[PDB]
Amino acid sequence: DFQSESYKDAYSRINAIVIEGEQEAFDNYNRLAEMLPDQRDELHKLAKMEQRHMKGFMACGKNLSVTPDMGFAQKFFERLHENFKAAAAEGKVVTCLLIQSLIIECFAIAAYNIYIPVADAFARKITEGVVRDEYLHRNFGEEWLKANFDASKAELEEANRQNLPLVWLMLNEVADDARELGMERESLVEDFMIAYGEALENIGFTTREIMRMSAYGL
């Protein structure tokens, strides 16, 4: 509650993570635009709306007098970046969608939901703006994969196995950090599983499938 001392230390990496996160999202959505031509316009929209979030969180680090560690945040996303770049290079769009619109969006939904009730008033006001956009980005991945479910299922299961364990590793890295900002690991896991399980059900997976997929690596 202090917004003083270690809170700034911890907030340096957290804010860094969210900027870079919103940066990776901008790029991932641009590359998806190339990868999917018939929705290149729609994807370009979501991509721009992401840069706006990055500005918003730049502001949050500003008026709290914080300088974000962009190095740490780039190491934080290296594996998922690495996995994204390699999948796109191979033309595997189903895998790109799962990384960006399912996994990374639901990571942001969980993070922000948990953040808002413990945020200072200014960051809380802004954070509350972004969280509803992220639900709408999630729904893009949801509806596409839902349209192409039979054709995409096996690769979704594979991409879930290759990438969902990174989420657990990432939440462990950032855990006590996030604690200083007043956010419990236990609540972060739960919110992520709730939002990710929801998208998977919309896409077409059954409950036993979702239960197997959502807990993979945990």
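When you see a residue number, it is the position in the sequence shown, counting from 1.
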Stretch with higher mean Cα temperature factor, 71-79 vs 100-108, is 71-79
Entry B factor averaged over C-alpha atoms, 176-184 against 151-159: higher for 176-184
The largest CA temperature factor among 164, 171, 193, 35 is found at 35
Split the chain's modelled residues into thirds by Cα B-factor; residue 114 lands in the lowest
In terms of its chain's C-alpha B-factors, the third that includes residue 46 is the middle
